[PDB]
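> Just dropping this structure here.
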Number of protein chains: 2
Amino acid sequence: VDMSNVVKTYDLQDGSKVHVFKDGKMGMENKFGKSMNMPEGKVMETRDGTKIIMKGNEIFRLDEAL
Amino acid sequence: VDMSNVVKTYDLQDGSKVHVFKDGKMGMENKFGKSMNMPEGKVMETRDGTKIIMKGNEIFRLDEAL
């Protein structure tokens, strides 16, 4: 990815990464750094312990309040 | 609902409420206070502006970091 404009990276347990850009664009790359389409409504477990899901170009994350 | 053990309520825009209990049980009731089954992998817009989705007995919420 071009990290110039990346505002956030979710490092996923399977090795892949989800990047969010400053214009709100979103990117995923696989464990080898290859662009791939982000799965919609698939829960994705992160390296730092939480879980995210994308739906309608938005990222939802496990609610820490709970 | 019995609010004795309710640790969290999401007040949804359509009038319904999602309650989370201290044992991690989860409940939904409709705009009239009737028990209903919580939709899985359906995005649900809240009265306070955010969105939640439930998947595998867990609640995900829009990531405010973004």
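To be explicit about the labels: the chains of the structure tokens are called A, B, and onward in the order shown, and within each one the residues are counted from 1, while ligands get numbers from 1 in the order they are shown.
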With only C-alpha atoms considered, list every residue of chain A at most 12 Å from chain B, as a VMD selection string.
chain A and resid 6 to 10 19 to 26 40 to 44 50 to 66
> Suppose we keep C-alpha atoms; can you now write the selection as a short mmCIF file (atom, residue, chain, number, x, y, z; two decimals), in the first residue's frame?

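As a result, out.cif now contains:
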data_model
loop_
_atom_site.label_atom_id
_atom_site.label_comp_id
_atom_site.auth_asym_id
_atom_site.auth_seq_id
_atom_site.Cartn_x
_atom_site.Cartn_y
_atom_site.Cartn_z
CA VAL A 6 -3.07 5.83 5.51
CA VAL A 7 -4.76 6.99 8.71
CA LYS A 8 -5.31 3.50 10.12
CA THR A 9 -4.10 -0.11 9.76
CA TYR A 10 -5.73 -3.17 11.19
CA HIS A 19 -5.79 0.13 5.61
CA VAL A 20 -8.02 3.14 5.86
CA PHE A 21 -7.06 6.29 3.96
CA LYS A 22 -7.61 9.94 4.85
CA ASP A 23 -10.29 10.32 2.11
CA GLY A 24 -12.11 7.43 3.79
CA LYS A 25 -11.04 4.95 1.10
CA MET A 26 -10.28 1.54 2.47
CA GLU A 40 -18.10 -7.67 3.59
CA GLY A 41 -19.86 -8.96 6.72
CA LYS A 42 -17.02 -11.34 7.52
CA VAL A 43 -15.69 -10.98 11.04
CA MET A 44 -11.92 -10.53 10.99
CA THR A 50 -10.12 -7.45 18.84
CA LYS A 51 -12.42 -8.22 15.90
CA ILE A 52 -13.61 -6.04 13.01
CA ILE A 53 -16.30 -6.41 10.34
CA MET A 54 -16.86 -4.21 7.26
CA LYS A 55 -20.34 -3.40 6.08
CA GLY A 56 -21.35 -0.75 3.54
CA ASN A 57 -17.83 0.72 3.30
CA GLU A 58 -17.72 1.12 7.08
CA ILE A 59 -15.66 -0.73 9.71
CA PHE A 60 -17.31 -1.90 12.83
CA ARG A 61 -15.22 -3.12 15.74
CA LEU A 62 -16.01 -5.14 18.93
CA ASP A 63 -17.56 -2.81 21.46
CA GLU A 64 -15.17 -2.36 24.35
CA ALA A 65 -17.94 -0.91 26.52
CA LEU A 66 -18.81 -4.64 26.58
#
> DSSP says strand (DSSP E or B) for which residues of chain B? Put them as a ChimeraX atom specification?
/B:6-12,17-21,26-29,35-36,40,44-46,51-54,59-62
> Using only C-alpha atoms, which protein or nucleic acid residues come within 8 Å of residue 15 (chain A)? Drop anything in the same chain fewer than 2 positions from it, and give the result as a VMD selection string.
chain A and resid 11 to 13 17 30 to 31
> Determine, counting only C-alpha atoms, which protein, DNA and RNA residues have an atom within 12 Å of an atom of residue 32 (chain B); residues of the same chain fewer than 2 positions away are not included. Present the result as a PyMOL selection string.
chain B and resi 1+14-17+28-30+34-36
> Give me a file of those residues, with N, CA and C atoms, as a PDB file, in the first residue's frame.

ATOM      1  N   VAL B   1     -37.830  -5.555  29.444  1.00  0.00           N
ATOM      2  CA  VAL B   1     -36.643  -6.288  29.965  1.00  0.00           C
ATOM      3  C   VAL B   1     -36.517  -6.114  31.492  1.00  0.00           C
ATOM      4  N   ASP B  14     -35.275   2.837  15.105  1.00  0.00           N
ATOM      5  CA  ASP B  14     -36.601   2.368  14.768  1.00  0.00           C
ATOM      6  C   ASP B  14     -37.460   2.196  16.009  1.00  0.00           C
ATOM      7  N   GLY B  15     -36.940   2.565  17.179  1.00  0.00           N
ATOM      8  CA  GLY B  15     -37.663   2.418  18.451  1.00  0.00           C
ATOM      9  C   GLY B  15     -37.260   1.214  19.303  1.00  0.00           C
ATOM     10  N   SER B  16     -36.655   0.194  18.701  1.00  0.00           N
ATOM     11  CA  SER B  16     -36.246  -1.003  19.450  1.00  0.00           C
ATOM     12  C   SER B  16     -35.017  -0.760  20.333  1.00  0.00           C
ATOM     13  N   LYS B  17     -34.758  -1.697  21.242  1.00  0.00           N
ATOM     14  CA  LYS B  17     -33.594  -1.599  22.125  1.00  0.00           C
ATOM     15  C   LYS B  17     -32.847  -2.913  22.191  1.00  0.00           C
ATOM     16  N   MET B  28     -32.955  -8.279  22.801  1.00  0.00           N
ATOM     17  CA  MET B  28     -33.583  -7.238  22.035  1.00  0.00           C
ATOM     18  C   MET B  28     -35.083  -7.218  22.332  1.00  0.00           C
ATOM     19  N   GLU B  29     -35.633  -6.020  22.413  1.00  0.00           N
ATOM     20  CA  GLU B  29     -37.067  -5.837  22.449  1.00  0.00           C
ATOM     21  C   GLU B  29     -37.472  -4.792  21.391  1.00  0.00           C
ATOM     22  N   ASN B  30     -38.716  -4.875  20.906  1.00  0.00           N
ATOM     23  CA  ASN B  30     -39.209  -3.990  19.836  1.00  0.00           C
ATOM     24  C   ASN B  30     -39.699  -2.654  20.405  1.00  0.00           C
ATOM     25  N   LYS B  34     -41.476  -5.690  23.446  1.00  0.00           N
ATOM     26  CA  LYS B  34     -41.674  -7.129  23.282  1.00  0.00           C
ATOM     27  C   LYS B  34     -40.376  -7.760  22.854  1.00  0.00           C
ATOM     28  N   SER B  35     -39.978  -8.800  23.584  1.00  0.00           N
ATOM     29  CA  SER B  35     -38.860  -9.671  23.219  1.00  0.00           C
ATOM     30  C   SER B  35     -38.865 -10.029  21.737  1.00  0.00           C
ATOM     31  N   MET B  36     -37.710  -9.913  21.104  1.00  0.00           N
ATOM     32  CA  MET B  36     -37.549 -10.388  19.749  1.00  0.00           C
ATOM     33  C   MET B  36     -36.116 -10.880  19.557  1.00  0.00           C
TER      34      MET B  36
END
> Would you mind reading off the distance between CA of residue 45 (chain B) and CA of residue 5 (chain A), one decimal, in Å?
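Separation between CA of residue 45 (chain B) and CA of residue 5 (chain A): 28.8 Å.
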> Report the distance between CA of residue 2 (chain B) and CA of residue 46 (chain B) in Å, rounded to one decimal place.
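Between CA of residue 2 (chain B) and CA of residue 46 (chain B) the gap is 20.9 Å.
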